[PDB]
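Reading through the structure tokens given below for one structure.
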Amino acid sequence: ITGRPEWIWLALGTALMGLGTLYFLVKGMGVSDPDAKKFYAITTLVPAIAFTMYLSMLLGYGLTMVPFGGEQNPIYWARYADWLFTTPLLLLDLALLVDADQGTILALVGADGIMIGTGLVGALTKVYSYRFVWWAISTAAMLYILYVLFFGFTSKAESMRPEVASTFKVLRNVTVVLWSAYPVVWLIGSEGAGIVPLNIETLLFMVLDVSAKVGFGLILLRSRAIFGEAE
Amino acid sequence: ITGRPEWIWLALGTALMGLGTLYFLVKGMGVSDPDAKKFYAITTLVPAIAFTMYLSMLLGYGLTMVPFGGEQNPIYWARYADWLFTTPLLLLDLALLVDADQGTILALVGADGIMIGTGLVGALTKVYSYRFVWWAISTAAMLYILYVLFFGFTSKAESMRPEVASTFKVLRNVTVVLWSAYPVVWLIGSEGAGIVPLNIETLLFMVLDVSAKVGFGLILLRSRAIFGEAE
Amino acid sequence: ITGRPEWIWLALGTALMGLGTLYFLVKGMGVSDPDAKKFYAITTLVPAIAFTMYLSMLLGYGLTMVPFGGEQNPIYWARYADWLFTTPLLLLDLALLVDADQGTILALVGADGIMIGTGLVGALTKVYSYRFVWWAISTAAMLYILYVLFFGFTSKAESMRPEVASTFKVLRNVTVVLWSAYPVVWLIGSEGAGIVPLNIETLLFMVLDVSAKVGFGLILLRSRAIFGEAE
Ligand SMILES: CC(C)CCC[C@@H](C)CCC[C@@H](C)CCC[C@@H](C)CCOC[C@@H](CO)OCC[C@H](C)CCC[C@H](C)CCC[C@H](C)CCCC(C)C
Ligand SMILES: CC(C)CCC[C@@H](C)CCC[C@@H](C)CCC[C@@H](C)CCOC[C@@H](CO)OCC[C@H](C)CCC[C@H](C)CCC[C@H](C)CCCC(C)C
Ligand SMILES: CC(C)CCC[C@@H](C)CCC[C@@H](C)CCC[C@@H](C)CCOC[C@@H](CO)OCC[C@H](C)CCC[C@H](C)CCC[C@H](C)CCCC(C)C
Ligand SMILES: *C/C=C(C)/C=C/C=C(C)/C=C/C1=C(C)CCCC1(C)C
Ligand SMILES: *C/C=C(C)/C=C/C=C(C)/C=C/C1=C(C)CCCC1(C)C
Ligand SMILES: *C/C=C(C)/C=C/C=C(C)/C=C/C1=C(C)CCCC1(C)C
Ligand SMILES: CCCCCCCCCCCCCCC
Ligand SMILES: CCCCCCCCCCCCCCC
Ligand SMILES: CCCCCCCCCCCCCCC
Ligand SMILES: CCCCCCCCCCCCCCC
Ligand SMILES: CCCCCCCCCCCCCCC
Ligand SMILES: CCCCCCCCCCCCCCC
Ligand SMILES: CCCCCCCCCCCCCC
Ligand SMILES: CCCCCCCCCCCCCC
Ligand SMILES: CCCCCCCCCCCCC
Ligand SMILES: CCCCCCCCCCCCC
Ligand SMILES: CCCCCCCCCCCCC
Ligand SMILES: CCCCCCCCCCC
Ligand SMILES: CCCCCCCCCCC
Ligand SMILES: CCCCCCCCCCC
Ligand SMILES: CCCCCCCCCC
Ligand SMILES: CCCCCCCCCC
Ligand SMILES: CCCCCCCCCC
Ligand SMILES: CCCCCCCCC
Ligand SMILES: CCCCCCCCC
Ligand SMILES: CCCCCCCCC
Ligand SMILES: CCCCCCCC
Ligand SMILES: CCCCCCCC
Ligand SMILES: CCCCCCCC
Ligand SMILES: CCCCCCCC
Ligand SMILES: CCCCCCCC
Ligand SMILES: CCCCCCCC
Ligand SMILES: CCCCCCCC
């Protein structure tokens with residue numbers, strides 16, 4: 001484990017995702033509202049999945065070597081197995097908050113799968129220049145997601161209860177800022193141009209992951225928007 | 001790329017799926033009917049997924065070598081990753097058109113997963129004679145799907161609006177004819193008996209894919225069956 | 001095939017899953033109740049999936065070698081591909097029986113995916129002591145599932161029709177007893193401590209699989225709880 005300088009950030013990430021999972025699990029014990037139960041189930045699964053994948057990276061299972069640039073490059077593939085399941089769950093939290101229609105939910109989840117799937121292909125591609133073709137396709141899929149979150153959901157939240165509109169607006173802004181950083185870290189990190197070393201890259205993804213999952217969840221599960229209007 | 005004679009058909013397929021995706025995306029911009037939005041989302045995702053997998057084959061990522069018959073045989077595995085997601089989406093288009101019940105939808109999607117999954121196992125199997133055992137199981141799963149589309153959905157469409165009944169009947173006939181060709185191309189192509197060479201096999205799958213996805217989508221999204229009855 | 005002593009139990013399992021699939025398929029022909037159709041579709045898919053994965057193990061495709069303990073250990077990875085899809089389908093049978101809320105269904109299916117996913121990682125892990133870390137995480141996920149089936153569903157079934165309450169109680173008890181045996185067989189078998197040899201381990205999993213899928217299905221599909229109350 002300790003033979004890799006980035007191990008400290010993988011261990012911290014593992015701990016923070018595990019602690020986040022347990023807090024949400026305990027906090028959700030005393031909840032019977034069927035609407036609130038939906039948000040607790042979605043939001044608790046997110047850091048639980050991330051916990052297992054951070055642990056796999058810490059123990060060395062989620063790491064492979066990819067030859068490109070005449071070098072064997074360490075690629076943590078477990079990140080994409082994490083994101084494949086956690087990013088659509090996070091979008092479902094937002095879509096259920098605004099009572100989005102089914103067709104829009106399917107478009108979001110499908111574009112998200114394309115985003116993560118093409119990012120994985122780009123991470124494992126051995127022809128250096130082709131890695132950035134996949135990065136560009138994946139980034140186009142992300143821009144579609146961000147467009148929908150702004151010019152489809154925002155207008156839908158305003159016609160909703162005030163507390164669900166204000167909570168959505170906050171979580172929307174958090175998501176757009178944090179998610180946009182991921183393609184940048186990829187491009188300048190060891191998967192892309194190799195400007196930033198792997199140990200610093202790992203620290204950046206850990207800050208982003210914890211903020212986008214545990215920070216996101218703390219804002220959502222403390223809001224009254226997750227409960228139905230009741231007397 | 002150009003070192004493979006089949007590259008021209010992979011490049012054409014990539015272009016036609018990309019163009020198809022963009023047309024459906026633009027055409028769906030001016031749509032607010034929640035029913036129509038469902039069909040546009042399903043139908044636009046189909047060629048978008050196929051685009052990415054054709055590109056992976058063009059660039060050489062979606063290709064592996066499988067030893068059988070005393071030879072290293074080029075097997076494009078990316079086809080099955082495509083079909084795993086696009087064939088159930090196409091069946092969902094048909095099932096939603098006739099307002100099929102949930103139990104029937106699950107049976108269709110499950111049989112479809114078995115069809116594609118066993119076809120993938122057959123494509124990667126190293127014992128030559130066993131490849132055709134998997135082909136037979138996969139073909140049995142397809143025949144179940146075709147039976148349901150005829151002796152379960154057809155009777156359901158007649159009790160529906162006339163425009164949804166006539167549109168379903170057309171898309172049903174297109175699907176049964178085109179899908180039935182796939183097991184035949186597999187059997188006589190490089191995955192099976194090896195009668196037809198890979199470059200011709202690739203041309204045939206490209207014609208079938210574009211017809212079953214973009215041609216299918218053009219018929220559906222030009223129909224009024226996708227809109228609810230409104231004044 | 002016959003070069004492996006466990007082949008006899010893989011062949012028996014294949015036959016019993018295939019026969020089970022055909023019986024459920026025939027029995028479900030004469031069913032039009034939309035509620036009953038749901039249970040028949042879920043319950044017939046379970047042994048059909050298991051059939052294909054037992055066949056892959058029989059023919060040698062679903063087997064790999066994992067080095068640990070200074071030895072190349074035969075690991076049947078196809079079991080986890082089976083369980084990944086069949087265990088959530090079995091939980092869906094139970095959840096639909098008691099009309100569970102959506103949030104609870106998602107929590108069950110998500111915990112089940114974590115259970116199977118971490119068990120697969122543990123089966124393929126090359127550092128011997130780490131294999132049991134994954135076993136423990138997977139077992140914690142199972143205990144969560146069992147808790148929900150007892151202290152969330154049981155109370156919900158009592159407020160239901162008497163026949164659905166008594167049928168659920170029976171299937172609940174069958175599930176908790178049979179599922180609990182799996183982590184024990186893993187721990188003492190070739191994936192874990194290696195006390196029980198592989199051929200005996202394979203026999204035990206076959207008895208458990210057939211009971212948990214075909215036996216489970218025979219109890220459910222003979223009950224009147226799967227039909228709506230009708231005159
Ligand atoms: C509606 C939305 C959900 C739609 C989703 C969008 C999606 C279509 C976007 C594209 C996804 C696609 C790129 C997934 C590729 C997975 C692949 C990286 C797995 C590893 O295989 C890659 C190479 C080794 O580098 O295999 C070496 C050769 C091996 C012999 C490969 C044989 C196994 C194949 C991988 C079998 C295909 C399985 C499916 C891809 C499983 C789904 C994986 C997940 C990442 C989507
Ligand atoms: C309700 C419906 C959706 C049900 C679906 C029906 C489905 C059950 C039908 C059978 C599907 C099954 C054959 C999928 C097999 C995937 C497999 C080809 C992936 C590549 O692995 C094959 C060998 C190399 O040749 O791995 C070499 C050895 C490696 C060490 C393998 C270890 C990884 C395992 C593959 C882990 C299992 C992952 C799941 C199979 C992922 C789903 C893939 C998709 C193709 C279903
Ligand atoms: C809501 C719920 C459904 C959530 C589900 C819970 C889930 C997150 C729990 C953890 C699942 C995770 C451990 C799955 C790992 C699959 C992995 C074993 C496949 C084989 O790859 C392992 C190594 C060889 O030993 O690959 C060698 C290196 C290769 C180069 C690997 C590159 C391919 C990657 C495997 C791509 C990721 C694909 C996804 C993991 C596909 C889903 C598989 C299924 C088992 C979940
Ligand atoms: C909890 C994890 C989250 C919210 C991860 C989000 C990840 C992304 C938005 C990743 C995007 C990428 C691109 C847009 C292209 C480059 C490759 C990716 C996958 C890093
Ligand atoms: C857009 C792609 C489509 C509609 C693909 C359809 C593919 C099939 C219907 C494939 C069927 C197969 C068999 C029936 C057995 C032989 C292997 C397959 C997977 C080619
Ligand atoms: C039809 C198959 C069924 C119902 C299989 C159930 C399997 C389990 C409940 C497996 C559980 C495991 C653990 C709890 C940890 C050890 C590894 C597993 C996956 C065997
Ligand atoms: C979206 C965030 C990207 C900003 C990356 C900042 C990295 C600064 C760290 C110093 C770079 C290390 C280079 C010298 C080793
Ligand atoms: C009462 C609110 C705080 C509860 C404690 C939460 C502990 C989980 C770890 C959170 C750290 C990361 C927060 C986002 C920066
Ligand atoms: C379902 C369509 C299958 C028909 C295949 C027709 C192939 C004819 C092309 C000529 C065969 C090439 C053999 C000589 C190289
Ligand atoms: C107005 C209808 C035609 C629009 C142009 C569609 C261009 C997408 C490519 C379609 C070619 C394949 C059609 C099926 C044979
Ligand atoms: C949950 C069931 C686990 C019980 C396992 C009993 C196995 C007894 C078979 C004899 C053990 C073989 C050891 C000598 C070869
Ligand atoms: C009339 C009920 C029996 C029908 C025959 C079922 C045959 C399928 C194989 C069942 C054997 C396994 C039963 C569970 C132990
Ligand atoms: C194995 C991959 C299957 C999933 C394909 C994605 C489409 C799923 C459609 C689900 C239809 C709704 C069923 C109720
Ligand atoms: C990782 C594979 C999980 C999918 C298994 C297929 C069954 C899914 C059941 C979904 C139940 C409906 C939830 C609302
Ligand atoms: C185009 C939709 C408007 C909202 C999206 C904001 C774009 C942020 C740019 C992200 C940069 C990634 C490289
Ligand atoms: C048996 C259901 C009737 C409709 C299915 C038509 C069968 C077409 C044969 C396809 C040939 C594939 C080898
Ligand atoms: C803790 C929830 C109560 C019901 C679960 C029964 C636990 C059975 C123990 C299984 C042993 C697996 C190692
Ligand atoms: C080795 C660098 C080659 C540059 C390729 C950049 C491709 C980016 C595509 C974005 C449209
Ligand atoms: C090398 C050819 C061996 C023939 C096997 C055919 C199997 C087909 C099974 C269809 C029932
Ligand atoms: C080689 C045996 C090492 C023992 C590790 C046991 C780990 C079990 C963790 C359960 C909390
Ligand atoms: C609940 C605390 C979980 C912390 C265990 C993971 C941290 C790795 C320490 C080496
Ligand atoms: C929108 C046009 C997309 C065409 C790019 C793919 C074709 C491959 C050319 C080499
Ligand atoms: C319907 C009977 C299915 C039996 C075939 C599988 C058994 C393997 C025999 C070698
Ligand atoms: C993106 C930063 C999240 C901050 C988490 C703190 C929330 C406390 C209510
Ligand atoms: C299967 C052939 C499809 C033909 C596509 C043309 C549709 C234009 C309306
Ligand atoms: C767990 C044992 C199941 C027994 C199956 C027999 C059911 C006949 C109704
Ligand atoms: C009005 C809410 C502002 C939230 C933005 C937070 C950016 C990290
Ligand atoms: C909408 C604000 C985008 C912020 C992008 C930050 C990328 C590091
Ligand atoms: C009555 C519609 C006929 C459609 C069949 C088209 C076959 C390619
Ligand atoms: C229902 C007509 C089937 C046509 C099969 C064509 C196979 C090449
Ligand atoms: C295995 C075939 C079953 C025969 C019919 C059983 C009575 C519905
Ligand atoms: C009251 C029903 C008892 C069922 C338990 C069966 C254990 C195999
Ligand atoms: C609730 C009874 C548990 C039985 C466990 C059996 C494990 C072999």
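In the structure tokens, the first chain shown is A, the next is B, and so on; residue numbers restart at 1 for each chain, and ligands run from 1 in the order shown.
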*Please give me, as a ChimeraX atom specification, the residues lying within 6 Å of ligand 14 when counting only C-alpha atoms and all ligand atoms.*
/C:84-85,88-89,102,105-106,113
Deliver the residues from the most recent selection as a file, using N, CA and C atoms, as a short mmCIF file (atom, residue, chain, number, x, y, z; two decimals), in the first residue's frame.
data_model
loop_
_atom_site.label_atom_id
_atom_site.label_comp_id
_atom_site.auth_asym_id
_atom_site.auth_seq_id
_atom_site.Cartn_x
_atom_site.Cartn_y
_atom_site.Cartn_z
N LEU C 84 -25.53 -11.59 -9.82
CA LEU C 84 -25.71 -10.15 -10.01
C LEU C 84 -27.10 -9.82 -10.53
N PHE C 85 -27.65 -10.67 -11.40
CA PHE C 85 -28.96 -10.43 -11.99
C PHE C 85 -30.08 -11.21 -11.31
N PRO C 88 -31.27 -9.76 -7.34
CA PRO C 88 -32.21 -8.63 -7.30
C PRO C 88 -33.59 -8.98 -7.84
N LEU C 89 -33.68 -9.90 -8.81
CA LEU C 89 -34.98 -10.32 -9.31
C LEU C 89 -35.76 -11.07 -8.23
N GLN C 102 -41.06 2.56 -3.31
CA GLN C 102 -39.94 2.62 -4.25
C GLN C 102 -38.61 2.81 -3.53
N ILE C 105 -37.34 -0.45 -2.24
CA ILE C 105 -36.89 -1.34 -3.31
C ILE C 105 -35.49 -0.95 -3.77
N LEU C 106 -35.25 0.35 -3.94
CA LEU C 106 -33.95 0.81 -4.41
C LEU C 106 -32.86 0.49 -3.40
N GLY C 113 -26.52 -5.34 -5.00
CA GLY C 113 -25.42 -5.14 -5.92
C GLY C 113 -24.08 -5.00 -5.22
#
*asked:* List as an MDAnalysis selection string the protein and nucleic acid residues lying within 10 Å of ligand 24, with only C-alpha atoms and all ligand atoms counted.
replied: chainID A and resid 170:171 173:175 177:178 207:208 210:223
Can you spit out the residues from that selection as a PDB file, in the first residue's frame, using N, CA and C atoms?
ATOM      1  N   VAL A 170     -29.689  25.489  -5.308  1.00  0.00           N
ATOM      2  CA  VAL A 170     -28.402  25.354  -4.631  1.00  0.00           C
ATOM      3  C   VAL A 170     -27.675  24.100  -5.107  1.00  0.00           C
ATOM      4  N   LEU A 171     -28.380  22.968  -5.148  1.00  0.00           N
ATOM      5  CA  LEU A 171     -27.747  21.721  -5.565  1.00  0.00           C
ATOM      6  C   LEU A 171     -27.370  21.758  -7.039  1.00  0.00           C
ATOM      7  N   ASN A 173     -26.325  24.482  -8.658  1.00  0.00           N
ATOM      8  CA  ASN A 173     -25.101  25.271  -8.758  1.00  0.00           C
ATOM      9  C   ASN A 173     -23.894  24.480  -8.269  1.00  0.00           C
ATOM     10  N   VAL A 174     -24.044  23.765  -7.154  1.00  0.00           N
ATOM     11  CA  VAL A 174     -22.960  22.926  -6.650  1.00  0.00           C
ATOM     12  C   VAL A 174     -22.550  21.903  -7.703  1.00  0.00           C
ATOM     13  N   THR A 175     -23.530  21.263  -8.340  1.00  0.00           N
ATOM     14  CA  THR A 175     -23.232  20.184  -9.277  1.00  0.00           C
ATOM     15  C   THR A 175     -22.489  20.705 -10.501  1.00  0.00           C
ATOM     16  N   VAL A 177     -20.622  23.345 -10.914  1.00  0.00           N
ATOM     17  CA  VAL A 177     -19.261  23.794 -10.630  1.00  0.00           C
ATOM     18  C   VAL A 177     -18.342  22.602 -10.386  1.00  0.00           C
ATOM     19  N   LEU A 178     -18.789  21.640  -9.578  1.00  0.00           N
ATOM     20  CA  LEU A 178     -17.916  20.525  -9.219  1.00  0.00           C
ATOM     21  C   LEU A 178     -17.715  19.571 -10.392  1.00  0.00           C
ATOM     22  N   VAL A 207     -10.988  15.464  -3.150  1.00  0.00           N
ATOM     23  CA  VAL A 207     -11.724  16.649  -2.719  1.00  0.00           C
ATOM     24  C   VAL A 207     -13.016  16.788  -3.513  1.00  0.00           C
ATOM     25  N   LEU A 208     -12.946  16.591  -4.830  1.00  0.00           N
ATOM     26  CA  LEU A 208     -14.140  16.707  -5.663  1.00  0.00           C
ATOM     27  C   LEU A 208     -15.160  15.629  -5.314  1.00  0.00           C
ATOM     28  N   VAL A 210     -15.626  13.845  -2.503  1.00  0.00           N
ATOM     29  CA  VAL A 210     -16.254  14.017  -1.195  1.00  0.00           C
ATOM     30  C   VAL A 210     -17.235  15.181  -1.228  1.00  0.00           C
ATOM     31  N   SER A 211     -16.866  16.269  -1.907  1.00  0.00           N
ATOM     32  CA  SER A 211     -17.760  17.420  -1.992  1.00  0.00           C
ATOM     33  C   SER A 211     -19.003  17.096  -2.810  1.00  0.00           C
ATOM     34  N   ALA A 212     -18.832  16.399  -3.936  1.00  0.00           N
ATOM     35  CA  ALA A 212     -19.946  16.131  -4.837  1.00  0.00           C
ATOM     36  C   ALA A 212     -20.886  15.059  -4.311  1.00  0.00           C
ATOM     37  N   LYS A 213     -20.450  14.263  -3.337  1.00  0.00           N
ATOM     38  CA  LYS A 213     -21.254  13.176  -2.800  1.00  0.00           C
ATOM     39  C   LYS A 213     -21.692  13.440  -1.364  1.00  0.00           C
ATOM     40  N   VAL A 214     -20.747  13.617  -0.440  1.00  0.00           N
ATOM     41  CA  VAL A 214     -21.106  13.824   0.959  1.00  0.00           C
ATOM     42  C   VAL A 214     -21.582  15.255   1.193  1.00  0.00           C
ATOM     43  N   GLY A 215     -20.875  16.241   0.636  1.00  0.00           N
ATOM     44  CA  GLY A 215     -21.340  17.616   0.745  1.00  0.00           C
ATOM     45  C   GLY A 215     -22.691  17.817   0.087  1.00  0.00           C
ATOM     46  N   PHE A 216     -22.843  17.299  -1.132  1.00  0.00           N
ATOM     47  CA  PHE A 216     -24.134  17.299  -1.812  1.00  0.00           C
ATOM     48  C   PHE A 216     -25.217  16.675  -0.936  1.00  0.00           C
ATOM     49  N   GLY A 217     -24.911  15.533  -0.318  1.00  0.00           N
ATOM     50  CA  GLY A 217     -25.920  14.831   0.460  1.00  0.00           C
ATOM     51  C   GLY A 217     -26.313  15.571   1.724  1.00  0.00           C
ATOM     52  N   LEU A 218     -25.352  16.240   2.364  1.00  0.00           N
ATOM     53  CA  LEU A 218     -25.659  16.985   3.582  1.00  0.00           C
ATOM     54  C   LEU A 218     -26.620  18.133   3.300  1.00  0.00           C
ATOM     55  N   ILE A 219     -26.462  18.802   2.157  1.00  0.00           N
ATOM     56  CA  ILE A 219     -27.372  19.887   1.805  1.00  0.00           C
ATOM     57  C   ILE A 219     -28.765  19.342   1.530  1.00  0.00           C
ATOM     58  N   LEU A 220     -28.850  18.226   0.801  1.00  0.00           N
ATOM     59  CA  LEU A 220     -30.149  17.699   0.398  1.00  0.00           C
ATOM     60  C   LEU A 220     -30.924  17.161   1.595  1.00  0.00           C
ATOM     61  N   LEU A 221     -30.286  16.320   2.408  1.00  0.00           N
ATOM     62  CA  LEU A 221     -30.989  15.607   3.468  1.00  0.00           C
ATOM     63  C   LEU A 221     -31.288  16.474   4.685  1.00  0.00           C
ATOM     64  N   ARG A 222     -30.759  17.694   4.742  1.00  0.00           N
ATOM     65  CA  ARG A 222     -31.152  18.656   5.761  1.00  0.00           C
ATOM     66  C   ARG A 222     -32.282  19.561   5.298  1.00  0.00           C
ATOM     67  N   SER A 223     -32.674  19.470   4.031  1.00  0.00           N
ATOM     68  CA  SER A 223     -33.733  20.308   3.496  1.00  0.00           C
ATOM     69  C   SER A 223     -35.097  19.694   3.775  1.00  0.00           C
TER      70      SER A 223
END
*For ligand 16, list the contacting residues at 6 Å or closer, counting only C-alpha atoms and all ligand atoms, as a PyMOL selection string.*
chain B and resi 143+146-147+180+183-184
Within 10 Å of chain C, which residues of chain A show up? Give each one with its shortest atom-to-atom distance in Å (one decimal) and the two atoms involved, counting only C-alpha atoms, rows by chain then rising residue number, as a Markdown table.
| residue | atom | partner | partner_atom | distance |
| --- | --- | --- | --- | --- |
| A:34 | CA | C:101 | CA | 6.8 |
| A:35 | CA | C:103 | CA | 7.7 |
| A:36 | CA | C:103 | CA | 8.3 |
| A:37 | CA | C:103 | CA | 5.2 |
| A:38 | CA | C:103 | CA | 3.9 |
| A:39 | CA | C:103 | CA | 7.4 |
| A:40 | CA | C:103 | CA | 7.8 |
| A:41 | CA | C:107 | CA | 5.3 |
| A:42 | CA | C:106 | CA | 7.4 |
| A:44 | CA | C:107 | CA | 8.7 |
| A:45 | CA | C:110 | CA | 6.8 |
| A:46 | CA | C:110 | CA | 9.7 |
| A:48 | CA | C:114 | CA | 8.5 |
| A:49 | CA | C:114 | CA | 7.2 |
| A:52 | CA | C:118 | CA | 7.6 |
| A:53 | CA | C:118 | CA | 9.5 |
| A:55 | CA | C:134 | CA | 9.7 |
| A:56 | CA | C:121 | CA | 8.4 |
| A:59 | CA | C:130 | CA | 8.0 |
| A:60 | CA | C:125 | CA | 9.6 |
| A:61 | CA | C:125 | CA | 7.2 |
| A:62 | CA | C:121 | CA | 9.6 |
| A:85 | CA | C:110 | CA | 10.0 |
Next, write the just-selected residues to a file, as a compact mmCIF listing (two decimals), in the first residue's frame, keeping N, CA and C atoms as the atom set.
# COMPACT_ATOMS: atom_id res chain seq x y z
N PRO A 34 -42.85 8.36 2.62
CA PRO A 34 -42.36 7.60 1.45
C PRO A 34 -41.55 8.44 0.48
N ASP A 35 -41.82 9.74 0.37
CA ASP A 35 -41.00 10.60 -0.48
C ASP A 35 -39.60 10.76 0.09
N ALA A 36 -39.51 11.05 1.39
CA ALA A 36 -38.20 11.22 2.02
C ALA A 36 -37.38 9.93 1.93
N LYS A 37 -38.05 8.78 2.03
CA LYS A 37 -37.33 7.51 1.96
C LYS A 37 -36.62 7.34 0.62
N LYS A 38 -37.23 7.84 -0.46
CA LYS A 38 -36.59 7.78 -1.78
C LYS A 38 -35.26 8.52 -1.77
N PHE A 39 -35.25 9.76 -1.27
CA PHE A 39 -34.04 10.57 -1.30
C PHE A 39 -32.97 9.99 -0.38
N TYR A 40 -33.37 9.45 0.77
CA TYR A 40 -32.39 8.84 1.67
C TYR A 40 -31.76 7.61 1.05
N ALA A 41 -32.55 6.80 0.34
CA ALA A 41 -32.01 5.59 -0.27
C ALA A 41 -31.03 5.93 -1.38
N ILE A 42 -31.40 6.86 -2.26
CA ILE A 42 -30.51 7.28 -3.34
C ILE A 42 -29.24 7.89 -2.77
N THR A 44 -27.83 7.74 0.25
CA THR A 44 -26.96 6.90 1.06
C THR A 44 -26.18 5.90 0.20
N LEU A 45 -26.77 5.44 -0.90
CA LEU A 45 -26.08 4.49 -1.77
C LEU A 45 -24.85 5.10 -2.43
N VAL A 46 -24.87 6.41 -2.67
CA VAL A 46 -23.81 7.08 -3.43
C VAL A 46 -22.47 6.95 -2.71
N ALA A 48 -21.75 4.90 -0.27
CA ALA A 48 -21.48 3.49 -0.01
C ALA A 48 -20.77 2.84 -1.19
N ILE A 49 -21.23 3.13 -2.41
CA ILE A 49 -20.55 2.65 -3.61
C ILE A 49 -19.14 3.23 -3.68
N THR A 52 -16.55 1.54 -1.47
CA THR A 52 -15.99 0.26 -1.91
C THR A 52 -14.94 0.45 -2.99
N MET A 53 -15.13 1.43 -3.87
CA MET A 53 -14.19 1.65 -4.96
C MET A 53 -12.93 2.36 -4.49
N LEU A 55 -11.71 1.86 -1.51
CA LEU A 55 -11.00 0.77 -0.85
C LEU A 55 -10.28 -0.11 -1.86
N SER A 56 -10.93 -0.39 -3.00
CA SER A 56 -10.29 -1.22 -4.01
C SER A 56 -9.04 -0.54 -4.57
N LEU A 59 -6.23 -0.78 -1.77
CA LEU A 59 -5.64 -2.11 -1.68
C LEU A 59 -4.95 -2.53 -2.97
N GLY A 60 -5.05 -1.74 -4.04
CA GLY A 60 -4.35 -2.02 -5.27
C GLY A 60 -5.13 -2.79 -6.31
N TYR A 61 -6.39 -3.15 -6.02
CA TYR A 61 -7.16 -3.95 -6.96
C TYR A 61 -7.65 -3.11 -8.14
N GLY A 62 -8.00 -1.86 -7.88
CA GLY A 62 -8.60 -1.02 -8.90
C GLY A 62 -7.60 -0.24 -9.74
N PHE A 85 -22.14 4.26 -11.65
CA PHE A 85 -23.34 4.08 -10.85
C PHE A 85 -23.69 5.30 -10.00
_atom 24 (C, counted along the ligand's line) of ligand 3 to atom CA of residue 64 of chain B, distance in Å rounded to a single decimal_ = 16.9 Å
*Out of segment 6-208 of chain B, which residues get strand (DSSP E or B) from DSSP, as a PyMOL selection string?*
chain B and resi 63-68+71-76
*Hey, which residues come within 12 Å of ligand 18 if we count only C-alpha atoms and all ligand atoms? Could you give them as a ChimeraX atom specification?*
/A:68-69,122,127-140,187,192-194
*Kindly give the distance, in Å, that separates atom CA of residue 116 of chain C and atom 19 (C, counted along the ligand's line) of ligand 6, rounded to a single decimal.*
4.9 Å
*asked:* Residues within 10 Å of residue 11 of chain A, please, as an MDAnalysis selection string. Count only C-alpha atoms; anything in the same chain fewer than 2 positions from it doesn't count.
replied: chainID A and resid 1 6:9 13:16 54:55 57:59 206
What does the file look like for those residues with C-alpha atoms, as a JSON list (two decimals), in the first residue's frame?
[["chain", "number", "residue", "atom", "x", "y", "z"],
["A", 1, "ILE", "CA", 0.00, 0.00, 0.00],
["A", 6, "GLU", "CA", -0.96, 8.73, -3.45],
["A", 7, "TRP", "CA", -1.99, 6.14, -0.84],
["A", 8, "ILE", "CA", -2.64, 8.81, 1.82],
["A", 9, "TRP", "CA", -5.38, 10.42, -0.29],
["A", 13, "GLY", "CA", -11.17, 9.22, 0.75],
["A", 14, "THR", "CA", -12.07, 5.73, 1.95],
["A", 15, "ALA", "CA", -12.54, 6.99, 5.51],
["A", 16, "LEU", "CA", -14.64, 10.02, 4.55],
["A", 54, "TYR", "CA", -11.84, 3.85, -2.92],
["A", 55, "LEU", "CA", -11.00, 0.77, -0.85],
["A", 57, "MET", "CA", -7.88, 1.51, -5.13],
["A", 58, "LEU", "CA", -6.22, 1.66, -1.70],
["A", 59, "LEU", "CA", -5.64, -2.11, -1.68],
["A", 206, "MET", "CA", -10.73, 13.07, -3.58]]
*Per DSSP on the backbone, filter segment 4-218 of chain B down to the residues in helix (DSSP H, G or I) and report them as number ranges by chain.*
B: 7-27, 34-58, 78-97, 102-124, 128-150, 154-158, 162-188, 198-218
*Kindly compile the residues surrounding ligand 7 within 8 Å, counting only C-alpha atoms and all ligand atoms, and format them as an NGL selection string.*
:A and (180-182 or 184-185 or 188 or 195-197 or 200 or 204)
_When you look at residue 155 of chain B with a cut-off of 12 Å (counting only C-alpha atoms), what residues show up, excluding the ones that are within fewer than 6 positions of it in the same chain? I need them as a PyMOL selection string._
chain B and resi 98-100+148-149+165+168-169
*Shell of 10 Å around ligand 31 (only C-alpha atoms and all ligand atoms), written as a PyMOL selection string*: chain C and resi 18-30
